[PDB]
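Chains as they are written, first to last, in the authors' numbering: chain A, 1945 to 2011; chain o, 155 to 304; chain O, 5 to 107, 144 to 251; chain y, 95 to 115, 142 to 186, 194 to 210.
Here is the structure we will look at.
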Amino acid sequence: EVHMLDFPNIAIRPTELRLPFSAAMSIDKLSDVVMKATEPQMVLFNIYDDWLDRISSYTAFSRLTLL
Amino acid sequence: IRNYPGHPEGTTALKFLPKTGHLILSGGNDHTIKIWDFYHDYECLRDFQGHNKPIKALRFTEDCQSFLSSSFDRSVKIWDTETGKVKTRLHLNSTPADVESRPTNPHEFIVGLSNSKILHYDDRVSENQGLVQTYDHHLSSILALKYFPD
Amino acid sequence: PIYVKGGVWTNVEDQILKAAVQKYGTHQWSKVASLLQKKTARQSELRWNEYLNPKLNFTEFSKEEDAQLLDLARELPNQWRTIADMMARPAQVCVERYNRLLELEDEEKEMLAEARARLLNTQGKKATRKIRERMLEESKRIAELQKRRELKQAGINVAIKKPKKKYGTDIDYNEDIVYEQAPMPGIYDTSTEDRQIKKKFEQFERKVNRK
Amino acid sequence: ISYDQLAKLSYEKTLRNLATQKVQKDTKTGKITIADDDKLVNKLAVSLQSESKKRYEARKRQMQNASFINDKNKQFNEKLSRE
RNA sequence: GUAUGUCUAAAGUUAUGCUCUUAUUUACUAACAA
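Take a look at the structure:
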């Protein structure tokens, strides 16, 4: 809320529904990359690639959520 | 039982080649790395160093083609077995007391320092003059390291 | 599980309590209670007072003693602590006699191991910490020596760093004599002796160097 | 036994250990050089070391003889038990 | 989380019965999460 005061248009959403993203970092390659990191850097990824290609994003996200 | 006079200056760092290893690599306190065989006819092929200080920790790669070397003047040097013309690391903070390369891929290469900061150097990363990543969870001089053999 | 204390005195438990009493004495009942995972402070103290203390007695009463007892009952009506004191016995036992006259192991072993561990560990954290630091210090020293020695072997002579002196007037005792309080001035002459001892010293130094 | 008696009695003993087997003064300096036999002083040194050594080993034996917790307590209970 | 306490912070002083594999307890600890 405080660091979003730079720009007021960005609404905040407190999720009532807890999503598992502690376990998100226990995906193999992710954890690997985390360990690899040597400095203040970001290394983005497409959390689902082929799934997008096949089906809409929501479908992909359901699978991801399950995983 | 049987002898061989190698390095007239005191300290030495004698090590064989890996598994199928007919060779006796030494590198003493007389700032000169030397090469003798298991066959009683002890044949000398001296891998001369360049760096001023004596050579401390000598170890081979899994390939048996390049052996690492550490000295007191912040100088690690990789050394090709028979030829000896090869990648070089003249510059560090101060002496790395112990060094070891990876037992599965000769590329990765750990050097361990007195300041207690440990350093990677892959083959392309030795070309880069960089590190894959450092370690800093020991605080005293480490002088001691070896890989879990896998 | 946490719970309200009580129960019954298992013999092992009793023994443990006795040991504690030997250790900590008859007025630190909290500590002794703590030593017993089941039993309370109050419980413990009571037990010690009533059953466990060796300066009690449970020998049977002589006929004279019986007379004394029952006479006391007749005269002091059921003030059995007073009566007990008069007898010189513990009170419950006395009462019982009077009445007569008128007519699991894993857990136990856990507390045992813990107990013995405690009783054989008799130092405040300051002590433990201090000895820890001492051994660590020793280790550090030997490691340093190994470096220094290694370098000597290697041919680089490194003088051992002084202790980073805590204050301005902090003393190194090898620099010069501690507080040379000299001997009392010589009545008998001492010159030859001085020489001989000097030689011995220098010789010793030489030996050490060679060693 | 007082330290009076125990001194004289120990004096008497070491006299039996003896019974087994010149002065020059520079008065200006005050230095009283008693030149005496260097062999006898050496015989004192060796004997006195041997006496102290004998005593030193005597404790070592008595220490290795055997209701306590640690080294000190065992002895402290021994200090109570002797009474 | 602290008091507090150590540590580092670079220039070379002239000598020749056991091993093993695991699963369980209990304890302690934990400015780590609940």
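Even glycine gets a Cβ: it sits at the ideal position worked out from N, Cα and C.
Say yes only if the C-beta of residue i is nearer than 7 Å to one or more non-hydrogen atoms of the ligand NAP, and no if none qualify.
i, result
"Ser104 (chain y)", "What this structure holds is no ligand at all, so the ligand NAP is not there to describe."
Run through the DSSP bridge pairs and tell me what residue i is partnered with.
i, result
"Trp33 (chain O)", "DSSP, once it has assigned bridges, lists no residue as partnering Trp33 (chain O)."
"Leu177 (chain o)", "o:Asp191"
"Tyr158 (chain o)", "In DSSP, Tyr158 (chain o) forms no bridge with anything."
"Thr242 (chain o)", "o:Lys231"
"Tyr289 (chain o)", "o:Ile272"
"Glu254 (chain o)", "o:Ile264"
"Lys42 (chain O)", "The partner list for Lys42 (chain O) (beta bridge, DSSP) is empty, contrary to what the question assumes."
"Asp146 (chain y)", "y:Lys151"
"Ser224 (chain o)", "o:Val230"
"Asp229 (chain O)", "The partner list for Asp229 (chain O) (beta bridge, DSSP) is empty, contrary to what the question assumes."
"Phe214 (chain o)", "o:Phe221"
"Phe170 (chain o)", "o:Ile178"
"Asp198 (chain y)", "According to DSSP, which records beta bridges pairwise, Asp198 (chain y) is partnered with nothing at all."
"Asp201 (chain o)", "o:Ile187"
"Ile209 (chain o)", "o:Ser225"
With a cut-off of 8 Å on the beta carbons, I'd call residue i and residue j a contact; round off their distance for me.
i, j, result
"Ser270 (chain o)", "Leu293 (chain o)", "5 Å"
"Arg213 (chain o)", "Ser255 (chain o)", "7 Å"
"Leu40 (chain O)", "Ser48 (chain O)", "6 Å"
"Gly182 (chain o)", "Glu163 (chain o)", "6 Å"
"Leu244 (chain o)", "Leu267 (chain o)", "No, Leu244 (chain o) and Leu267 (chain o) are not in contact; Cβ-Cβ is about 15 Å, not under 8 Å."
"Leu152 (chain O)", "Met91 (chain O)", "The Cβ separation is near 36 Å, so there is no contact."
"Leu105 (chain O)", "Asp70 (chain O)", "6 Å"
"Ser223 (chain o)", "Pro250 (chain o)", "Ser223 (chain o) to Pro250 (chain o), Cβ: 10 Å. No contact."
What's the C-alpha gap between residue i and residue j?
i, j, result
"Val279 (chain o)", "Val286 (chain o)", "7 Å"
"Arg2007 (chain A)", "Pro1964 (chain A)", "13 Å"
"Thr153 (chain y)", "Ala113 (chain y)", "27 Å"
"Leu171 (chain o)", "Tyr158 (chain o)", "18 Å"
"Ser180 (chain o)", "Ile196 (chain O)", "20 Å"
"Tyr196 (chain o)", "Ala167 (chain o)", "18 Å"
"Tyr1992 (chain A)", "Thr2003 (chain A)", "11 Å"
"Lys202 (chain O)", "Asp156 (chain y)", "46 Å"
"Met175 (chain O)", "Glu184 (chain O)", "14 Å"
"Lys204 (chain O)", "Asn206 (chain o)", "32 Å"
"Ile209 (chain o)", "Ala178 (chain y)", "54 Å"
"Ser2001 (chain A)", "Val8 (chain O)", "58 Å"
"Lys166 (chain O)", "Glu173 (chain O)", "10 Å"
"residue 306 (chain o)", "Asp304 (chain o)", "The structure shown does not extend to residue 306 (chain o), since chain o is modelled only from 155 through 304, so no value can be given for it."
"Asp1976 (chain A)", "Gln203 (chain o)", "38 Å"
"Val1987 (chain A)", "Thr215 (chain o)", "32 Å"
"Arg181 (chain y)", "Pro94 (chain O)", "47 Å"
"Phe203 (chain y)", "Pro5 (chain O)", "41 Å"
"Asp184 (chain o)", "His291 (chain o)", "34 Å"
"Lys149 (chain O)", "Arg209 (chain y)", "35 Å"
"residue 192 (chain y)", "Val161 (chain y)", "Since the model of chain y includes 186 and then 194 but nothing between them, residue 192 (chain y) has no atomic positions to report."
"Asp146 (chain O)", "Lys42 (chain O)", "14 Å"
"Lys169 (chain o)", "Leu273 (chain o)", "23 Å"
"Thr108 (chain y)", "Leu164 (chain y)", "11 Å"
Residues of chain O with CB under 7 Å from residue i, in chain order?
i, result
"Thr165 (chain o)", "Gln193, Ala194"
"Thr153 (chain y)", "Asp229"
Can you pull the chain y residues whose beta carbon is under 7 Å from the beta carbon of residue i, in chain order?
i, result
"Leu60 (chain O)", "Those within 7 Å of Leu60 (chain O) in chain y number zero; the least Cβ separation is about 20 Å."
Who are the neighbours of residue i on chain y, taking C-beta pairs under 9 Å?
i, result
"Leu159 (chain O)", "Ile196"
"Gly29 (chain O)", "In chain order: nothing, as chain y lies at least about 14 Å away."
In chain O, what lies closer than 8 Å to residue i by C-beta?
i, result
"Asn183 (chain o)", "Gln193, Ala194, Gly195"
Along chain A, which residues have their Cβ under 9 Å away from the Cβ of residue i?
i, result
"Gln219 (chain o)", "Within chain A, no residue comes near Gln219 (chain o); the closest Cβ sits about 28 Å away, beyond 9 Å."
"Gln287 (chain o)", "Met1979, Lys1980, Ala1981, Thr1982"
Given that residue i touches chain O, what residues does it touch there, using C-beta distances under 9 Å?
i, result
"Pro208 (chain o)", "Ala194, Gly195, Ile196"
Quiz prompt | Positions along the stretch 162 to 174 of chain O whose CB lies within less than 7 Å of some CB in chain y | solution = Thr162
Exercise. Closer than 9 Å, Cβ to Cβ, to anything on chain o: give me those residues from the stretch 181 to 196 of chain O, in chain order.
Key: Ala183, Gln186, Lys187, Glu190, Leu191, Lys192, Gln193, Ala194, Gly195, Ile196
Practice problem: Mind checking the stretch 272 to 283 of chain o against chain A and listing, in chain order, the residues whose C-beta falls within less than 8 Å of any C-beta there? | Solution: none
Practice problem: Scan the stretch 1954 to 1983 of chain A for residues whose Cβ lies nearer than 9 Å to a Cβ of chain o and list them as they occur along the chain. | Solution: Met1979, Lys1980, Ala1981, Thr1982
Quiz item: What are the residues of the stretch 216 to 228 of chain O that lie near chain y, defined by any Cβ-Cβ distance shorter than 9 Å?
Solution: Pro225, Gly226, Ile227, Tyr228
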